[PDB]
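Chains as they are written, first to last, in the authors' numbering: chain B, 100 to 175, 184 to 234, 236 to 246; chain C, 17 to 27, 32 to 42, 53 to 222, 224 to 242; chain C', 17 to 27, 32 to 42, 53 to 222, 224 to 242; chain C'', 17 to 27, 32 to 42, 53 to 222, 224 to 242; chain A, 53 to 78, 87 to 129, 135 to 289. A prime marks a further copy of an entry chain.
The structure appears below as structure tokens.
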Amino acid sequence: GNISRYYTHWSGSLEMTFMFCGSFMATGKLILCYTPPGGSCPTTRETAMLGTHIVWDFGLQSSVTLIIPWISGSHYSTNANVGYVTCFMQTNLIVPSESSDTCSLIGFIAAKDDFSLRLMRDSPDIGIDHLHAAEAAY
Amino acid sequence: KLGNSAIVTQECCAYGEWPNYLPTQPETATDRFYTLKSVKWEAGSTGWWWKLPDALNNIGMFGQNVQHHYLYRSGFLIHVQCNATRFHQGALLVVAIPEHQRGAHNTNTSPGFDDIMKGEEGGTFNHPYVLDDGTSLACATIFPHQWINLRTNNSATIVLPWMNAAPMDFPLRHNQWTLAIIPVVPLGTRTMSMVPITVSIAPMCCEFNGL
Amino acid sequence: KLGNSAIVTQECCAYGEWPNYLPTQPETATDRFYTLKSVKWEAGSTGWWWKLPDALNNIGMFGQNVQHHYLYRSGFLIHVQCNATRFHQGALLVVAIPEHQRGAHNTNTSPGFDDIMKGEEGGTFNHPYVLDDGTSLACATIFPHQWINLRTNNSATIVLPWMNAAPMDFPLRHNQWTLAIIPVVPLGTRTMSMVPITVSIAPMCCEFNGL
Amino acid sequence: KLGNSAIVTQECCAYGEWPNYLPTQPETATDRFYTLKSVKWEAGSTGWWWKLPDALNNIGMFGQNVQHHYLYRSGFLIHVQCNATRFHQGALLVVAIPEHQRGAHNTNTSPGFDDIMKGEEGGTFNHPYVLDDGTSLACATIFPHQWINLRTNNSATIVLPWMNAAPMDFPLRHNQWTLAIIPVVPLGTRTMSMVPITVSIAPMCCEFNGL
Amino acid sequence: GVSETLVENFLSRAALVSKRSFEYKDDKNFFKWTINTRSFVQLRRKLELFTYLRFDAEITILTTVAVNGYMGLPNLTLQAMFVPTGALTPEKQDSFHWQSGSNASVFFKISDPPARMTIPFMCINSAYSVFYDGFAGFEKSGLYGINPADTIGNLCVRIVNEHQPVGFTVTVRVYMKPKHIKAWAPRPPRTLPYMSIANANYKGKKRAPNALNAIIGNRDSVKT
Numbered sequence: 100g101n102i103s104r105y106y107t108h109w110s111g112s113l114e115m116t117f118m119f120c121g122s123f124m125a126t127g128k129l130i131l132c133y134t135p136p137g138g139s140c141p142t143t144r145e146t147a148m149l150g151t152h153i154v155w156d157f158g159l160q161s162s163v164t165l166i167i168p169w170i171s172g173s174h175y184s185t186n187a188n189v190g191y192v193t194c195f196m197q198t199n200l201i202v203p204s205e206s207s208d209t210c211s212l213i214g215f216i217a218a219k220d221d222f223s224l225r226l227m228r229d230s231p232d233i234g236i237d238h239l240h241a242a243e244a245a246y
Numbered sequence: 017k018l019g020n021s022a023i024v025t026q027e032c033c034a035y036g037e038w039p040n041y042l053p054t055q056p057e058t059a060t061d062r063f064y065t066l067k068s069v070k071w072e073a074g075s076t077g078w079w080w081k082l083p084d085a086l087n088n089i090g091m092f093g094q095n096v097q098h099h100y101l102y103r104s105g106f107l108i109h110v111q112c113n114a115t116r117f118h119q120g121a122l123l124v125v126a127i128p129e130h131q132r133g134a135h136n137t138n139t140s141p142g143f144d145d146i147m148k149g150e151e152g153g154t155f156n157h158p159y160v161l162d163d164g165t166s167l168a169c170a171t172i173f174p175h176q177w178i179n180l181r182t183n184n185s186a187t188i189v190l191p192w193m194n195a196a197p198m199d200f201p202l203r204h205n206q207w208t209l210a211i212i213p214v215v216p217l218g219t220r221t222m224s225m226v227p228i229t230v231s232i233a234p235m236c237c238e239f240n241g242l
Numbered sequence: 017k018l019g020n021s022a023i024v025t026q027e032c033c034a035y036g037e038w039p040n041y042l053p054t055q056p057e058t059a060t061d062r063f064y065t066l067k068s069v070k071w072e073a074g075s076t077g078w079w080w081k082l083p084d085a086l087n088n089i090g091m092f093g094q095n096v097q098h099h100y101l102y103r104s105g106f107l108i109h110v111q112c113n114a115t116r117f118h119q120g121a122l123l124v125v126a127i128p129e130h131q132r133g134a135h136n137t138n139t140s141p142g143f144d145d146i147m148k149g150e151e152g153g154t155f156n157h158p159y160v161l162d163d164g165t166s167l168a169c170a171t172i173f174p175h176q177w178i179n180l181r182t183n184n185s186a187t188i189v190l191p192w193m194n195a196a197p198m199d200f201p202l203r204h205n206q207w208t209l210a211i212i213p214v215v216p217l218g219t220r221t222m224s225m226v227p228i229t230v231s232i233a234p235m236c237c238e239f240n241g242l
Numbered sequence: 017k018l019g020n021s022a023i024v025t026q027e032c033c034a035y036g037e038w039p040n041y042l053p054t055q056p057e058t059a060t061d062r063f064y065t066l067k068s069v070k071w072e073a074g075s076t077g078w079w080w081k082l083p084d085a086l087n088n089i090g091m092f093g094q095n096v097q098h099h100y101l102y103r104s105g106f107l108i109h110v111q112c113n114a115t116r117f118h119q120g121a122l123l124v125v126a127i128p129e130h131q132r133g134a135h136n137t138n139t140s141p142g143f144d145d146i147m148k149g150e151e152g153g154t155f156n157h158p159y160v161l162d163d164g165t166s167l168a169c170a171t172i173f174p175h176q177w178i179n180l181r182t183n184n185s186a187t188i189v190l191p192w193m194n195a196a197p198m199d200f201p202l203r204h205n206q207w208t209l210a211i212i213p214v215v216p217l218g219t220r221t222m224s225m226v227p228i229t230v231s232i233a234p235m236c237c238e239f240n241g242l
Numbered sequence: 053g054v055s056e057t058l059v060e061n062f063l064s065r066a067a068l069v070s071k072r073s074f075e076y077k078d087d088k089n090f091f092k093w094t095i096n097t098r099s100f101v102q103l104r105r106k107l108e109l110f111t112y113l114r115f116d117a118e119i120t121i122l123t124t125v126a127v128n129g135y136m137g138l139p140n141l142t143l144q145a146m147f148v149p150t151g152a153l154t155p156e157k158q159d160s161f162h163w164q165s166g167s168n169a170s171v172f173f174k175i176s177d178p179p180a181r182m183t184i185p186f187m188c189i190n191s192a193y194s195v196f197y198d199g200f201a202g203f204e205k206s207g208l209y210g211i212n213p214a215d216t217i218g219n220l221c222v223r224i225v226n227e228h229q230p231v232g233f234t235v236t237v238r239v240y241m242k243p244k245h246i247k248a249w250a251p252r253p254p255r256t257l258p259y260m261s262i263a264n265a266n267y268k269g270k271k272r273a274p275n276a277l278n279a280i281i282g283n284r285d286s287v288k289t
């Protein structure tokens with residue numbers, strides 16, 4: 100998402116990867132919902148079963164891979188609803204009495220082989237102020 | 017692996037019958063794991079019971095194939111997982127009772143609609159030593175059963191074939207099986224622990240007749 | 017296994037280049063693991079960075095082949111090990127930054143000799159979220175990197191090829207790589224732990240010209 | 017013959037394209063004739079227009095595959111039948127306009143949501159001589175069209191292929207075609224007759240992506 | 053190209069790098093420019109996505125002319146002379162060094178199409194060190210990140226005609242465009258705003274986005 104801000108139309112399967120970073124004894128389950136675009140963002144865990152979702156037990160696994168399917172990008184500059192990846196608690200966090208009770212997740216994203224960028228524009232990120241060594245290359 | 021929801025990994033079966041189709055036959059709609067809520071197993075927890083397929087009238091493409099189909103025909107593939115650490119001790123009996131005609135204690139009045147039909151909520155044994163029907167837990171290993179001994183494993187897997195004298199059944203009034211989880215040896219740790228028990232039901236060999 | 021000092025056991033590589041010699055070529059003198067000091071990783075530890083081969087001008091037969099050779103040519107084979115128990119939680123990013131032109135915060139003045147050259151002492155990130163050079167840690171997995179997730183593993187291994195536009199370089203002023211260890215997820219236990228992180232650098236395919 | 021609802025019997033096509041699948055592909059759920067309401071054709075009736083697939087968001091398994099699928103891909107097979115006796119005289123133009131960007135008369139303001147989106151109700155031309163968009167009915171036989179001349183026949187059949195520049199489209203905002211029935215020669219009998228016109232739409236080669 | 057994500061296509065858009073409305077009348089009568097990557101931060105952030113580069117820059121001097129607040138615009142002759150990293154630059158506008166038989170001038174008129182020369186891969190090493198983690202020379206006084214195997218060159222531009230050219234200000238635009246780009250070892254994209262053209266200092270904005278402690282604009286909670 101810094102290369103795709105140099106472009107106008109992006110399209111392809113992203114790939115999310117989460118990684119639990121708690122102790123070795125930490126068990127519990129996380130349900131990871133993918134809401135396709137335009138759909139309803141789930142609030143109850145029970146109505147969260149609508150599209151693609153996976154129950155991820157981070158007592159066994161330590162990393163899950165969540166493929167996001169084809170999205171096709173800016174095929175409609185305008186705010187809208189373009190997907191969600193939602194992660195509820197399923198059970199609880201079961202850590203023993205010696206490990207720390209505040210565990211943590213980190214999440215990754217990579218586009219896959221079918222990702223395609225086209226029409227090149229300048230990035231909106233960079234701009236703002238005067239730089240040091242101004243006119244020192246003259 | 018059943019459905020777009022990859023949940024748990026299986027291949032223990034029951035009654036020597038891996039399900040086969042003995053009309054609408056769902057294979058990608060219903061054949062998927064409908065994970066229920068995870069019930070908190072504590073020290074003073076008596077038991078839990080889920081009457082199938084009453085627990086699945088609400089949830090999913092099976093639930094739409096109940097409200098839009100008069101007769102159903104489905105086997106199951108169930109999966110109980112009890113995620114506790116290496117310091118928890120305990121033992122569950124994951125028993126799958128066919129035709130669990132429950133009993134009401136101390137009265138001559140039969141159980142009503144709101145004692146037998148719970149659904150996703152499940153329920154709880156009151157006298158688990160006699161399985162709420164006057165029999166015995168000590169003989170209850172004659173059913174399809176499985177042991178979750180938290181010393182050894184923490185998961186269970188039972189396959190539930192089609193258990194009717196009838197060829198097909200109507201779902202909103204009759205319940206074939208009854209998954210029931212009774213902690214024989216109660217849970218222990220010194221801190222004094225709400226260990227969760229997660230139940231995933233996956234239907235197998237679904238048939239539905241009568242739109 | 018490198019040198020008479022048998023330290024750690026390897027065969032993850034980087035840039036698709038297992039080092040080969042593309053004159054003095056040490057193979058028993060320098061090719062050995064120079065274990066540095068083990069830095070204490072706590073809860074409020076920001077990061078650590080070792081500029082190679084500035085960390086190895088002091089230590090060993092490589093250090094004698096710096097003071098007695100004007101131009102060097104060496105790849106590396108590095109090995110980070112974080113010896114914590116099964117009750118510690120945490121995650122490191124062992125990243126190996128080629129040409130880490132660091133930045134000074136909030137001023138127009140470039141870093142001096144005593145902010146870039148540390149050697150065996152190493153150093154510490156001040157703003158690790160932007161890698162002390164205005165970029166981002168969130169994109170820093172484009173380098174040769176490796177994850178030490180103390181749930182899963184506790185060790186790392188990166189191979190560092192010769193990374194110069196030049197064919198050979200002079201060591202006392204330029205530093206190619208920069209091994210950098212940033213704890214993304216900080217360390218946790220209830221007692222409130225100085226878990227050590229031991230770094231072993233082994234040179235590979237050493238060349239030295241100009242006595 | 018499409019679906020469990022056997023309605024009408026066909027094999032006239034359009035654009036030289038019998039539909040083929042160029053993911054969810056309904057073939058028994060959606061591929062069936064969704065008979066709409068029969069509109070009363072009188073002497074002073076101007077016309078009728080049904081924007082497809084806006085007329086089918088409500089009705090049937092296609093309507094469930096609109097509310098539960100973000101992108102659709104479907105061709106059509108349409109069938110208009112005008113059941114009048116041997117004493118009624120009249121002529122319809124059953125025209126199927128791709129991308130019927132309607133116009134508002136006499137104002138600079140574009141049509142809103144409640145002038146374009148009607149659904150099963152359909153709609154009615156106000157100025158049918160210019161097809162409500164400034165063009166002309168006299169040239170409107172360049173579309174896929176069909177003549178119901180009540181002297182000769184009383185039925186029509188048009189096949190509507192997938193008409194988008196896009197590969198797949200989202201249904202709740204865009205409408206590809208527009209079935210439009212304009213009585214060129216108005217209906218006549220001496221009693222002064225509400226002859227009905229029944230429209231059956233059957234989808235063909237349904238695809239749906241994005242649950 | 054095969055895709056628009058290819059590196060040859062990603063970088064070789066012609067970008068403005070210099071613009072000197074130098075006033076010539078009857087040091088200040090001309091301009092020079094050290095050819096460096098670090099000029100305009102739209103292109104600089106793209107070249108600092110990579111560690112090592114190898115590009116033939118072409119230089120396309122566009123010269124305009126404008127009357128100050135005499136009705137015709139005079140068609141002057143110019144001289145854009147590429148002084149590399151070697152011999153001396155002309156100290157005056159009409160010194161001896163403009164007449165050098167080694168610096169490669171171009172002699173273009175205003176009324177021509179814009180002048181265009183192609184400066185080749187101008188380095189000593191096998192690539193341009195965009196980021197340099199070292200020190201120049203020998204001393205501890207060598208500044209950080211300044212490699213002498215990175216300066217492409219200088220580009221001294223003067224008006225060839227003699228004095229008394231009266232107050233038509235000459236605005237000179239210079240467009241660099243890389244060619245034959247071979248790029249090695251990519252980097253994280255820079256997210257904090259720049260401080261200098263010399264080094265990679267970081268300050269951040271005051272609040273998010275693009276701030277020091279928060280790069281993405283803060284939403285209200287994680288369940289937003």
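Note that CB positions come from ideal geometry on N, CA and C, so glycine has one too.
In the structure shown, what three-state DSSP assignment does residue i receive?
{"i": "A:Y135", "result": "coil"}
{"i": "C:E151", "result": "helix"}
{"i": "A:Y259", "result": "coil"}
{"i": "B:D156", "result": "strand"}
{"i": "C:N95", "result": "helix"}
{"i": "C:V69", "result": "strand"}
{"i": "C'':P158", "result": "helix"}
{"i": "C':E129", "result": "coil"}
{"i": "A:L107", "result": "helix"}
{"i": "C':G105", "result": "strand"}
Does the distance from the CB of residue i to the CB of residue j come in under 8 Å?
{"i": "C':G120", "j": "C':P213", "result": "yes"}
{"i": "A:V235", "j": "A:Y76", "result": "yes"}
{"i": "B:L239", "j": "A:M260", "result": "yes"}
{"i": "A:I224", "j": "A:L138", "result": "no"}
{"i": "B:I166", "j": "B:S110", "result": "no"}
{"i": "A:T94", "j": "A:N219", "result": "yes"}
{"i": "C':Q176", "j": "C':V124", "result": "yes"}
How far does the alpha helix (DSSP H) with residue i in it reach, from first residue to last?
{"i": "C':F143", "result": "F143 to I146"}
{"i": "C'':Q176", "result": "Counting along the chain, C'':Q176 falls outside any alpha helix (DSSP H), and DSSP gives it neither H nor E."}
{"i": "A:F62", "result": "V59 to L63"}
Whose C-alpha, out of the options, is nearest the C-alpha of residue i?
{"i": "C'':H135", "options": "C'':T165, C'':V125 and C'':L107", "result": "C'':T165"}
{"i": "B:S211", "options": "B:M196, B:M118 and B:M227", "result": "B:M118"}
{"i": "A:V287", "options": "B:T193, B:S162 and B:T164", "result": "B:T193"}
Grab the span of the beta strand (DSSP E) containing residue i for me, first residue to last.
{"i": "A:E118", "result": "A117 to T123"}
{"i": "A:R223", "result": "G218 to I224"}
Residue i versus chain F: which residues are under 8 Å apart at the beta carbon?
{"i": "B:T209", "result": "Reference to chain F is not applicable here, since the protein chains of this structure are B, C, C', C'' and A."}
Is it a yes or a no for the segment 54 to 73 of chain C' touching the segment 181 to 191 of chain C', going by three-plus beta-carbon pairs under 8 Å? no
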